[PDB]
């Protein structure tokens, strides 16, 4: 069954990532005794890879090498590195090993779409109707991988990495049975600057756009903070005997999953929310939701009420994370010359998830380290300065959109 092939590819593509993505901070901190700086600069590598590797590898997919074979090469490298990473004991090595893995992994995020699109389109189907049910298994792979590694007792354990590599290899084997995905050669007459998304640098001529993009970087910096240290913040409550055995202490990935759960459901309510309140309002709902998220983490407790607040934060996360990115790219498209409109979202997403990522990763790790003393982190204060930077972002955005 073709559909089933694509669904296994989606599942695996994301299972291998979820097995370690959210927990790796904790494993660096609780087990490897890493400070916040080293962790934040290890998760920064995602951004370094993301800013330019997707572009170039999609380029080669389009001109010299089947997307199938390029995807294969990537996850192979992903697998080898994930294995080595479970044998890495120092931060510089963790950063270098993760950086390679991301340089290989980041491009696959579009390569699987290239592949799934052609697979359905060369088979009398339209993506708008038959892709969403194939893209829900990538979300299942992710949330279940979180569930599994949590429940197997491998959260704080280097095992998560062995499992991710194991999925990556299983993956590579599965993508060998793929059918020949031709070199699309759609980009051919495309100017050399057009392919890398270099037009949109000129687009900084528009003062309003320039303002928007740097805002998008500043806002994007806090996008993954919860995903980088939320599991470490929930494991922080080891230090009390009362919370030691608490389920949300024991299995943080299980509580954090509600974050991904709510992101999926809220991505579903994005179109309607746009129709009812507009681009700028939906982006504002995102910026305000980040405040609430970090505020609820700041008073979160394994206690009954503290857990209530913690779960509330999870729910708020989904709107917070989905809304800004969807309404942002819609805003950019609506606001720019149609000819260059796509380079707009190229540069928007690059600024927001690459540069936003590098800057956020590094700075937040440093905030943690600055408020980590004797090996114990004052999470309440950490989350307050993050909720307060959310507030500054709210204020400045209110200025721009009144």
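Numbering follows the first chain given and starts at 1.
Q: On average, are the C-alpha B-factors higher in 262-270 or in 201-209?
A: Higher mean C-alpha B-factor: 201-209.
Q: For the stretches 250-258 and 182-190, which has the higher mean C-alpha B-factor as given in the deposited record?
A: Per the PDB record, 182-190.
Q: Quick check on the deposited entry: does the C-alpha B-factor of residue 224 sit in the lowest, middle or highest third of its chain?
A: As the PDB entry reports it, the C-alpha B-factor of residue 224 lands in the middle third of its chain.
Q: Lowest, middle or highest third: which one holds residue 87 when the chain's residues are ordered by CA B-factor from the entry?
A: Residue 87: CA B-factor falls in the middle third of its chain.
Q: For residue 81, does the deposited CA B-factor place it in the lowest, middle or highest third of the chain?
A: According to the entry, residue 81 has a C-alpha B-factor in the chain's lowest third.
Q: For the chain shown, is the CA B-factor of residue 289 in the lowest, middle or highest third of its modelled residues?
A: Lowest third.
Q: Against its chain's modelled residues, does residue 139's Cα B factor rank lowest, middle or highest third?
A: Ranked within chain, residue 139 CA B lands in the lowest tercile.
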